[PDB]
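Down below is the structure, laid out as structure tokens.
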Ligand SMILES: Nc1ncnc2c1ncn2[C@@H]1O[C@H](COP(=O)(O)OP(=O)(O)O)[C@@H](O)[C@H]1O
Ligand SMILES: Nc1ncnc2c1ncn2[C@@H]1O[C@H](COP(=O)(O)OP(=O)(O)O)[C@@H](O)[C@H]1O
Ligand SMILES: NC(=O)CC[C@H](N)C(=O)O
Ligand SMILES: NC(=O)CC[C@H](N)C(=O)O
Ligand SMILES: NCCC[C@H](N)C(=O)O
Ligand SMILES: NCCC[C@H](N)C(=O)O
Ligand SMILES: [Cl-]
Ligand SMILES: [Cl-]
Ligand SMILES: [Cl-]
Ligand SMILES: [K+]
Ligand SMILES: [K+]
Ligand SMILES: [K+]
Ligand SMILES: [Mn+2]
Ligand SMILES: [Mn+2]
Ligand SMILES: [Mn+2]
Ligand SMILES: [Mn+2]
């Protein structure tokens, strides 16, 4: 039962309703690294950059392999940091390490000295059967011995996206957080991150379209960044609707969305519009226990009415890119993927 | 000291803050009309029919008006005419009289009859070329309209529009807003070949700072919400960029117009006030209804006045303002002599 408390007043609130205390790394890029250690060397299985930031459980995050935004430099740091930890803990077989990158700085989230849920993904993207190799390693065959020494960076992009069970429990707020709730995953393969992301998205049963009206209702910390997102969408032919505060900031950057009322504001409001099919896409980011609680209708509504929605700006940007891709254009077999590897 | 109460809750509100009290039904969304005439007991001469720009509810003394009428139908004017004639005799008018009417849903309501010379007489004299005070003085003294040879109503070939000037800038603590009470100190006159030109001249004469470019702030009430769309449309066609407050922006977006959203003061920064003060606006159309809303919207009008931005507090006025945008007050001048010479 992990929560993110914003302030002091916010803690009692928890405390009461409600121990490990940790500083939340806000606006950070979460990373998952899968590796093998035989006591002799460390094999980097895959470095995966999640789309959703730290604070959204890795299990519920879409992710990319290779990393789509992280610097070689930043990643080399991680690589070294994992090797250091492999030896230190005396890993023999599989291991997974979770990082957060904030302001060009690498921080340690956790070390899982065992097989992690991303293994099959990495194995498929990299064509290397990590569970088999690590098994052998555990049984006594060194990496050296196996001819498995080099880290594989495929020529193509591999993206993993999850599927969430919210539709099965309507009374639940379909919102991402530090706790994992997904049931499954899909893989998208493309020549570009945008292609891979498009394939992941469509495979995950997303109802996203390449036309219509998008609803933008983001929080403070996203208002600035949301400008670029609106630009993108307008550029893809989307019309824009926005809730008061968000419209304000857009307006201040030269973008004039059509305003929509919050439910308490009047009619029609967001719910009538969602219900009435005015939107093909919704971006709704929130912060604060309170805020979340009051915005619940947007998310429940979008779910109920099958409108594609993103609860993170990063997801938004990923979706925006995918719009320039065509998930049906080309196909490729796993064998083909694998042969293409140096 | 009178106002328009909108409901029971409001009546208390008032009745408290304030002796038999008069209670009249307020004809909302009505066109106010002024009619000046002369009766000699044998006949009735119509001096002029003026159509106010601001609706009934904005005192006639403070309304802009036009001679001849700019929206009313002849049919409706003919009623007013018969009505004036009937009143004239019944009342035994001998000399000048003035009749004020409200038109709503194609129906003519009587607001008041003033059986003496009215403040609009000079304007009508000047527009029609007929010196009403002289004519009526001769009538009171014994010379009939027939004896005088002044028996037929004169409809000029040009439009004449009267605009007023208000003293709000002399008393900054007052809310420079129109209502049932007259607060104006003077009037101007504008003459044109079209109502738009007459209006532009009257507007310019009245010391208006209106411009034909920039950004306009739109913040109107409920009853105006639907109709303000076409005005924002006229404003965009003229080249202006629009700003709007919450609910106004909502109505407009649904009509396809997307103004830039601005925050009220309680709402956030920068707000309407900050914007006005920084010279962001060149035009402001701001309509309100009910004691509270009025009280609450105060800052817009005071700021507008303070910062010299032209502002309209009525939609009818806003529309007048927009039409004038299509006219050039400085393009042509005409002398009164010439004007009267045109008279047929
Ligand atoms: N200090 C932190 N700052 C930001 N996000 C964090 C932090 N600690 C954990 N998280 C988020 O919570 C998720 C779960 O954290 P983790 O420690 O790995 O728990 P679990 O045992 O469920 O794996 C992480 O994947 C990340 O999204
Ligand atoms: N029943 C009414 N409906 C609408 N407006 C009215 C009504 N009665 C008065 N008014 C408005 O108030 C103004 C002042 O009212 P009026 O009766 O003419 O008083 P005054 O003697 O001060 O001129 C009118 O010019 C008109 O705009
Ligand atoms: N950032 C948000 O989701 C805003 C809150 C929400 N729209 C409400 O009605 O309270
Ligand atoms: N019609 C209006 O002017 C609405 C009221 C005003 N904007 C306020 O700040 O309350
Ligand atoms: N990877 C999580 C699912 C994404 C979902 N559309 C959301 O942003 O909430
Ligand atoms: N005719 C009265 C003056 C109009 C002023 N601009 C206002 O509309 O408040
Ligand atoms: Cl795991
Ligand atoms: Cl008078
Ligand atoms: Cl004062
Ligand atoms: K994450
Ligand atoms: K009037
Ligand atoms: K009277
Ligand atoms: Mn974890
Ligand atoms: Mn764990
Ligand atoms: Mn009167
Ligand atoms: Mn009177």
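Each reported figure results from applying straightforward, stated rules to the coordinates on display, with no laboratory input. Backbone-built Cβ (ideal geometry, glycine too); neighbour counts: all protein chains shown.
Details
- Between the stretch B:253-267 and the stretch B:43-62, the alpha-carbon centres lie 36 Å apart.
- Relative to the 2.2 N^0.38 Å rule of thumb, the stretch A:202-342 has a C-alpha radius of gyration ratio of 1.16.
- Taken over the alpha carbons of the stretch A:162-228 as equal point scatterers, the Debye sum produces base-10 log I(q)/I(0) values at 0.28 Å⁻¹ of -1.11.
- Extent of the stretch B:57-106 along its three principal axes (Cα atoms, max minus min coordinate, largest first): 30, 26, 19 Å.
- Expected 222 nm ellipticity per residue - DSSP helices of 4 or more, -39500 (n - 2.57), all of chain B, to 500: -10000 deg cm²/dmol
- With Cα atoms as the point set, the stretch B:1-84 shows a radius of gyration and Dmax of 16.9, 51 Å.
- Approximate shape of the protein assembly as shown as ellipsoid semi-axes (Cα gyration tensor, √5λ), whole Å, largest first: 77, 24, 19
- Derived value for the stretch A:36-182: Kirkwood hydrodynamic radius 16.3 Å. Basis is the mean of 1/r over every pair of different alpha-carbon atoms.
- Dividing the C-alpha radius of gyration of the stretch A:105-220 by 2.2 N^0.38 Å, with N its residue count, gives 1.39.
- Cα convex hull volume per residue for the stretch B:193-268 (Å³): 124
- Value of D in µm² per second that Stokes-Einstein yields for the stretch B:132-174, Kirkwood Rh from Cα pairs, at 25 °C (0.890 mPa s): 173
- Cα-based convex hull volume of the stretch B:7-46 per residue, rounded to whole Å³: 158
- Shown for chain B is the translational diffusion coefficient from the Stokes-Einstein equation, using the Kirkwood radius over Cα pairs, a temperature of 4 °C and a viscosity of 1.567 mPa s: 60 µm²/s.
- Beta bridges by DSSP in chain B, antiparallel share as percent, to the nearest 5: 70
- The stretch B:76-110 and the stretch A:314-342: distance between their alpha carbon centers, rounded to Å: 80
- Counting Cα-Cα pairs of the stretch B:254-329 in 10 Å increments starting at 0 gives whole-percent bin shares of 17, 44, 34, 6.
- Rounded to 0.05, the FRET efficiency of the residue A:336 and residue A:110 pair, given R0 = 41 Å and the Cβ-Cβ distance, is 0.70.
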